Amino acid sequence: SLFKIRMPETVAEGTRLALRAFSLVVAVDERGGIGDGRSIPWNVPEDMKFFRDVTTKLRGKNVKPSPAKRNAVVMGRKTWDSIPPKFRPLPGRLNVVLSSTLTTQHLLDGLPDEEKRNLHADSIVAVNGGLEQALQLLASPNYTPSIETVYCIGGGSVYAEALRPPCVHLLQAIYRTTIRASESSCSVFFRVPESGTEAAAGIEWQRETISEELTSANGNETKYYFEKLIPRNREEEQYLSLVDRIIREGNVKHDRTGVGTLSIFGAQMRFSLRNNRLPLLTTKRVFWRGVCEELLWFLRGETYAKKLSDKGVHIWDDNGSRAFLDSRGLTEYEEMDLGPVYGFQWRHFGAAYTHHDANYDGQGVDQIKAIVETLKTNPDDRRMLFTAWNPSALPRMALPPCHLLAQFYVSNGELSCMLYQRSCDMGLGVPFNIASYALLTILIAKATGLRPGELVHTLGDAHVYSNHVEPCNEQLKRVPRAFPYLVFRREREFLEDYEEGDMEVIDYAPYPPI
């Protein structure tokens, strides 16, 4: 306990979600109009179907909406009133209504009968505020992470709030149907701000998809099309442009097997960790549970990989086997005893390692505890770094450290981190390490009374394996989506006590397998 890092009284502060991320669904005419102030002056059943499916369906396969896992739909009072009483609430979704007039009971009182009220009791909530207040409520443990995706559907006032800060920064996707008509009957309008405009607040909107022009079977042959707009993700673009550079200009190298590689030397990337943001790459899914479990394992100063494999994390299995250890001369280590790797050096630098069973408390230099104490007392210190690169210990490690050094910096109450990585597998390793040092920085922020800032990633030998070239090249076609967020469901007394189940990654919508 004396050797552990005690979390400050402000643990959940500076990590708590202010607003839940959301997507937006809207239909417009070509003049950008949405309604007359009361209803919608066109009828395209095909769009009503799309609206239903996009807001109703969960991500993935064979899904079933439920009280424990469902989508939420946020609307204004006038939008609620525009739904015919028999068709409301919107089935299979949590209906969040914004209103200063009506309470949650008032909304139920507007339902035809008691049977409908008793049944749909759990599926209707009133918020006395705007969309921001709703996102604050949907950021609550009761709703986060039970609600998979929030959808704003909400009408001009709510749309306007959605497209302006602070809410627009939480907007992951705009699903926009355009009706080919110029309706004069429209009094309410909708517009998305353009790339370099003041109103865009630094967001660059671009289309992921646009459909062909379609014809409605509504009797009027009305033309319409679909668009999905997403906020340009320049941070993931860094990683993609590096991959592309490696393919096009990288030197051919061969590793310690004769396995071919394309590589460059010297690169740098940056990622915002502010306001719960988590740089998990979207163009290819990251094994977050592995990232999380292993980072905690590092932080504890652990060396027994069986603690990972017992948790279904098999990333170290091949490097912990009898055959592999033996091939490094480590004939005395039991299987899965990796030696004094990584987090052992973080917590116990220079300590004399023999086996994982030994008790290393207070042995070596605890670099992480030293950093935490410095951060809370003199955050402007320029020596706040730790290393796993220990030439004295290297020969007795299963693997020499890859991500080998990290340095901290503080500005405006924000903690930033620079990672140094000597050898960077772009296809699989790099996205994993970005997620890993994002988590670390967030946890150190919580341990020190600071808000998370930025992750800087310095790469040495950045490379793409021979068999990754073609997959990675097809991945380059994908337009990066908005990043997920990290949320803590509970806290701990000590940093070392944190569990993978204490936190949840929300609003992670990566592209399917290549």
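When you see a residue number, it is the position in the sequence shown, counting from 1.
Checklist entry - Do the CA atoms of 502 to 510 or those of 7 to 15 have the higher mean B-factor in the entry? => result The stretch with the larger average C-alpha B-factor is 7 to 15.
Checklist entry - Looking only at CA atoms, which has the higher mean B factor in the entry: 256 to 264 or 236 to 244? => result Comparing 256 to 264 with 236 to 244, the higher average CA B-factor belongs to 256 to 264.
Checklist entry - Among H348, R191, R422, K306, which carries the highest Cα B-factor? => result Highest CA B-factor of the listed options: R191.
Checklist entry - In the PDB entry, which of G37, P480, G449, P484 has its C-alpha at the highest B-factor? => result Spelled out: the listed residue with the top C-alpha B-factor is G37.
Checklist entry - Would the CA B-factor of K369 place it in the lowest, middle or highest third of its chain? => result For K369, the deposited C-alpha B-factor lands in the lowest third.
Next on the checklist: Quick check for you: using the entry's CA B-factors within this chain, is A462 in the lowest, middle or highest third?
Outcome noted: Lowest third - that is where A462 ends up once the chain's C-alpha B-factors are sorted.
Checklist entry - Should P166 be placed in the lowest, middle or highest third of its chain by the C-alpha B factor in the entry? => result It belongs to the middle third of the chain when residues are ordered by C-alpha B-factor.
Next on the checklist: Splitting the chain's C-alpha B-factors into thirds, which one does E183 fall into?
Outcome noted: Highest third.
Next on the checklist: For the chain shown, is the CA B-factor of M269 in the lowest, middle or highest third of its modelled residues?
Outcome noted: Its C-alpha B-factor, which the entry lists for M269, ranks in the lowest third among residues of this chain.
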